[PDB]
Amino acid sequence: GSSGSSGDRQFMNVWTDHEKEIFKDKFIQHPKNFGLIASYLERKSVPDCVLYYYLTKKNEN
């Protein structure tokens with residue numbers, strides 16, 4: 001990983017590995033806090049991450 005910013009100029013709106021890692025990184029510290037986890041992920045919003053929490057915690061009751 002030498003080249004920092006290769007390009008990816010195209011607008012890509014999809015949860016990527018890099019993102020996921022961040023979603024959890026903070027979660028551990030400030031769990032149940034979408035206000036922060038979102039602050040870091042500018043590309044994403046507050047009410048945008050709240051969903052993920054469910055997706056990962058979606059079971060059949």
# chains A, B, ... in the order shown; residues from 1 in each chain; ligands from 1
>>> residues_around(residues="region 42-55 of chain A", least_positions_apart="3", cutoff="9 Å", atoms="only C-alpha atoms", output="MDAnalysis selection string")
chainID A and resid 13 23 32:39 58:59
>>> select_by_dssp(residues="chain A", states="alpha helix (DSSP H)", output="mmCIF file with N, CA, C and O atoms, in the first residue's frame")
data_model
loop_
_atom_site.group_PDB
_atom_site.id
_atom_site.type_symbol
_atom_site.label_atom_id
_atom_site.label_comp_id
_atom_site.auth_asym_id
_atom_site.auth_seq_id
_atom_site.Cartn_x
_atom_site.Cartn_y
_atom_site.Cartn_z
ATOM 1 N N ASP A 17 -15.176 -2.351 3.475
ATOM 2 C CA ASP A 17 -14.369 -2.869 4.573
ATOM 3 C C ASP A 17 -13.838 -1.734 5.441
ATOM 4 O O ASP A 17 -14.058 -1.709 6.652
ATOM 5 N N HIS A 18 -13.137 -0.795 4.814
ATOM 6 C CA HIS A 18 -12.573 0.344 5.529
ATOM 7 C C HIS A 18 -13.616 0.984 6.440
ATOM 8 O O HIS A 18 -13.328 1.319 7.589
ATOM 9 N N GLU A 19 -14.828 1.149 5.919
ATOM 10 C CA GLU A 19 -15.913 1.751 6.687
ATOM 11 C C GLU A 19 -16.289 0.872 7.877
ATOM 12 O O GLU A 19 -16.253 1.313 9.025
ATOM 13 N N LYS A 20 -16.651 -0.374 7.593
ATOM 14 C CA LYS A 20 -17.034 -1.317 8.638
ATOM 15 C C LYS A 20 -16.053 -1.264 9.804
ATOM 16 O O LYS A 20 -16.456 -1.122 10.959
ATOM 17 N N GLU A 21 -14.765 -1.377 9.495
ATOM 18 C CA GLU A 21 -13.728 -1.341 10.518
ATOM 19 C C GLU A 21 -13.914 -0.139 11.440
ATOM 20 O O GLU A 21 -13.782 -0.252 12.659
ATOM 21 N N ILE A 22 -14.222 1.010 10.849
ATOM 22 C CA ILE A 22 -14.427 2.233 11.616
ATOM 23 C C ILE A 22 -15.697 2.149 12.455
ATOM 24 O O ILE A 22 -15.713 2.550 13.619
ATOM 25 N N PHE A 23 -16.761 1.623 11.857
ATOM 26 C CA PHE A 23 -18.037 1.485 12.548
ATOM 27 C C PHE A 23 -17.861 0.745 13.872
ATOM 28 O O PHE A 23 -18.482 1.089 14.877
ATOM 29 N N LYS A 24 -17.010 -0.277 13.862
ATOM 30 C CA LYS A 24 -16.750 -1.067 15.058
ATOM 31 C C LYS A 24 -15.712 -0.387 15.946
ATOM 32 O O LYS A 24 -15.884 -0.296 17.162
ATOM 33 N N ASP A 25 -14.636 0.089 15.330
ATOM 34 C CA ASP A 25 -13.571 0.764 16.064
ATOM 35 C C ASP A 25 -14.145 1.639 17.173
ATOM 36 O O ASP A 25 -13.793 1.488 18.342
ATOM 37 N N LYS A 26 -15.032 2.556 16.798
ATOM 38 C CA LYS A 26 -15.657 3.456 17.760
ATOM 39 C C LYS A 26 -16.651 2.706 18.640
ATOM 40 O O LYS A 26 -16.632 2.836 19.865
ATOM 41 N N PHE A 27 -17.519 1.921 18.010
ATOM 42 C CA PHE A 27 -18.520 1.150 18.736
ATOM 43 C C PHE A 27 -17.961 0.645 20.062
ATOM 44 O O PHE A 27 -18.563 0.848 21.118
ATOM 45 N N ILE A 28 -16.809 -0.012 20.001
ATOM 46 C CA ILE A 28 -16.169 -0.546 21.197
ATOM 47 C C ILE A 28 -16.048 0.523 22.277
ATOM 48 O O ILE A 28 -16.423 0.299 23.428
ATOM 49 N N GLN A 29 -15.524 1.684 21.899
ATOM 50 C CA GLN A 29 -15.355 2.787 22.836
ATOM 51 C C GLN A 29 -16.702 3.401 23.204
ATOM 52 O O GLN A 29 -17.144 3.317 24.350
ATOM 53 N N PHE A 34 -24.493 6.538 17.730
ATOM 54 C CA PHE A 34 -24.430 6.807 16.298
ATOM 55 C C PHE A 34 -24.035 8.257 16.034
ATOM 56 O O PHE A 34 -23.602 8.604 14.937
ATOM 57 N N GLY A 35 -24.189 9.101 17.051
ATOM 58 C CA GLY A 35 -23.845 10.504 16.909
ATOM 59 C C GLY A 35 -22.374 10.712 16.608
ATOM 60 O O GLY A 35 -22.004 11.652 15.903
ATOM 61 N N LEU A 36 -21.532 9.837 17.148
ATOM 62 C CA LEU A 36 -20.092 9.932 16.937
ATOM 63 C C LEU A 36 -19.667 9.120 15.715
ATOM 64 O O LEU A 36 -19.170 9.672 14.733
ATOM 65 N N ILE A 37 -19.868 7.808 15.785
ATOM 66 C CA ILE A 37 -19.509 6.922 14.684
ATOM 67 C C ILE A 37 -19.844 7.554 13.337
ATOM 68 O O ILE A 37 -19.152 7.330 12.346
ATOM 69 N N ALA A 38 -20.911 8.347 13.312
ATOM 70 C CA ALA A 38 -21.337 9.014 12.088
ATOM 71 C C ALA A 38 -20.500 10.262 11.823
ATOM 72 O O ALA A 38 -20.167 10.567 10.678
ATOM 73 N N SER A 39 -20.166 10.981 12.891
ATOM 74 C CA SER A 39 -19.372 12.198 12.773
ATOM 75 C C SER A 39 -18.090 11.938 11.990
ATOM 76 O O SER A 39 -17.668 12.760 11.176
ATOM 77 N N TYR A 40 -17.473 10.789 12.244
ATOM 78 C CA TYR A 40 -16.236 10.419 11.565
ATOM 79 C C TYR A 40 -16.500 10.076 10.102
ATOM 80 O O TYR A 40 -15.763 10.498 9.209
ATOM 81 N N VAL A 46 -25.951 10.220 10.515
ATOM 82 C CA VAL A 46 -26.260 9.614 11.805
ATOM 83 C C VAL A 46 -27.302 8.510 11.658
ATOM 84 O O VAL A 46 -27.074 7.354 12.014
ATOM 85 N N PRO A 47 -28.476 8.874 11.120
ATOM 86 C CA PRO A 47 -29.578 7.931 10.913
ATOM 87 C C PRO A 47 -29.276 6.919 9.812
ATOM 88 O O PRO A 47 -30.102 6.062 9.500
ATOM 89 N N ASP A 48 -28.088 7.026 9.226
ATOM 90 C CA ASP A 48 -27.677 6.120 8.160
ATOM 91 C C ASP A 48 -26.973 4.894 8.731
ATOM 92 O O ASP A 48 -27.106 3.788 8.206
ATOM 93 N N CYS A 49 -26.224 5.096 9.810
ATOM 94 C CA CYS A 49 -25.498 4.005 10.452
ATOM 95 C C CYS A 49 -26.421 3.198 11.359
ATOM 96 O O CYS A 49 -26.331 1.971 11.419
ATOM 97 N N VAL A 50 -27.308 3.893 12.064
ATOM 98 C CA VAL A 50 -28.247 3.241 12.967
ATOM 99 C C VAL A 50 -28.777 1.943 12.366
ATOM 100 O O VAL A 50 -29.034 0.974 13.083
ATOM 101 N N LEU A 51 -28.938 1.931 11.048
ATOM 102 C CA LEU A 51 -29.436 0.751 10.349
ATOM 103 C C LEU A 51 -28.479 -0.425 10.515
ATOM 104 O O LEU A 51 -28.873 -1.503 10.962
ATOM 105 N N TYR A 52 -27.219 -0.210 10.153
ATOM 106 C CA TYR A 52 -26.204 -1.252 10.261
ATOM 107 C C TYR A 52 -26.349 -2.020 11.571
ATOM 108 O O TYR A 52 -26.426 -3.249 11.579
ATOM 109 N N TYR A 53 -26.385 -1.286 12.677
ATOM 110 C CA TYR A 53 -26.519 -1.896 13.995
ATOM 111 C C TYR A 53 -27.595 -2.977 13.989
ATOM 112 O O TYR A 53 -27.464 -4.004 14.655
ATOM 113 N N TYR A 54 -28.660 -2.736 13.232
ATOM 114 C CA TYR A 54 -29.762 -3.686 13.139
ATOM 115 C C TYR A 54 -29.408 -4.843 12.208
ATOM 116 O O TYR A 54 -29.581 -6.011 12.556
ATOM 117 N N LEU A 55 -28.911 -4.507 11.023
ATOM 118 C CA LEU A 55 -28.530 -5.515 10.040
ATOM 119 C C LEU A 55 -27.654 -6.591 10.674
ATOM 120 O O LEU A 55 -27.896 -7.786 10.502
ATOM 121 N N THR A 56 -26.635 -6.159 11.410
ATOM 122 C CA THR A 56 -25.723 -7.083 12.072
ATOM 123 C C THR A 56 -26.410 -7.801 13.228
ATOM 124 O O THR A 56 -26.001 -8.891 13.628
#
>>> atom_distance(atom1="CA of residue 3 (chain A)", atom2="CA of residue 41 (chain A)")
21.7 Å
